[PDB]
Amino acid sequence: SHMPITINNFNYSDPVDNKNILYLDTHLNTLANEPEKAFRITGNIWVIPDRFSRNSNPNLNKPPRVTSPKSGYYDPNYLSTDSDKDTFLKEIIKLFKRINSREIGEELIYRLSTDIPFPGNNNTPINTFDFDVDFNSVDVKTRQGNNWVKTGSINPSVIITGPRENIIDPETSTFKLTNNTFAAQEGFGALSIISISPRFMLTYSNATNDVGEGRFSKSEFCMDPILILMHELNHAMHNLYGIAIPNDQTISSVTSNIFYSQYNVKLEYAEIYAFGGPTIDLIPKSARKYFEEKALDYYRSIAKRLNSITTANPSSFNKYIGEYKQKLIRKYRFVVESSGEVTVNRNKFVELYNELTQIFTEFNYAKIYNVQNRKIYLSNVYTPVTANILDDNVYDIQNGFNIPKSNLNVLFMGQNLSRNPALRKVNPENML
């Protein structure tokens, strides 16, 4: 993470500086009627503290019908006020600082904020770098009179936004034009948008760390907000490096929550990798190998493109083709022959692929950050809880909820619902 990562600090009210604070138009948020104020966390990672939706005629109100069994929490007013956005913004910032407190987290942030999606998709000519492909380029706008006019654009690799309709259903996605295929699943990679609210914590009893309650009554624990966020950052990693597995690749399983006893769910392989651990073995070995080989082929195709670039879009990028060729070579860890030809080194690929799918995983983070966490992705869940994580007496960068000062550092008591009064169940009125 070669040059030490530092997280920027912001107040939602801080003025636009045309550098780290700008108004953007992603052309993707159906809830947005005008440009959205955005803040640069670090490098190419931005945050827009607004609710986000992809549904036409979006509605954030609690649904009358009850699809489910998936647990849901709805509040049409969450993040509606600037005061709300300021708190959300500061929460995301604080979580990034905590993530950045451990080596693996610093590297995770370094990669997501430094490496970029290959500029192009399946339909990009072999000799072209297209920095405007699909939704990779976001418009920068400024108010002129009573209107908003485009003054330029930026290429974020990851944009964090507030939740979509279901506040307790974090969602990471990439986007494409109708006639294209997902570049995130084809080696190129693409811009990711993560809609989430880490302070709304999932609760569970089937945990990774034994706290000696097996023969008695097991306590309910909350997920540390950084793992909820890091789980999605893992999806962003897969998307950035173009190794995302299509969501139609699933394994039929079961799980349960507060309102519904054991029910069926199509567990996505994408989620299995984001979680990590032994769970990865749920994916047939032959299938795991298939996706890895498919990725390698897409990588070989990328190297081929790099040996053919002669033009760029927009034209202003033509003079920087060499610079970006070099950046992409470093991203994919390709090798440059004495002849200057770019080639793929399988040993390097295998190492990278393994890092992206088995080291940068929620399961691994739980151990590294020494926090209690669900034992499996489908651990049964209870009523979600929340807390004032900006209050260092409740949650700090070094120990999260397990603060020694509060005497909550033993057996993950800070995460134990029955031992930490700072943890409170979310409004039952908004649950579904």
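From 1 onward, residues are counted along the sequence shown.
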{"item": "Entry-level comparison of average CA B-factors, 113-121 and 145-153, reporting the higher stretch", "value": "145-153"}
{"item": "319-327 versus 183-191 - greater average Cα B-factor per the deposited record", "value": "319-327"}
{"item": "Most elevated Cα B-factor in the entry, residues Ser137, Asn100, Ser339, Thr87", "value": "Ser339"}
{"item": "Selection by C-alpha B-factor (highest) of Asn380, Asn373, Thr42, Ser56", "value": "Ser56"}
{"item": "Entry-reported Cα temperature factor of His238, expressed as the chain third it lands in", "value": "lowest"}
{"item": "Chain-relative CA temperature factor third for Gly162", "value": "lowest"}
{"item": "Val66 - which third its CA temperature factor falls in, relative to the rest of the chain", "value": "highest"}
{"item": "For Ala366, the third of its chain into which the C-alpha B factor falls", "value": "lowest"}
{"item": "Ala32 - Cα temperature factor, lowest/middle/highest third of chain", "value": "highest"}
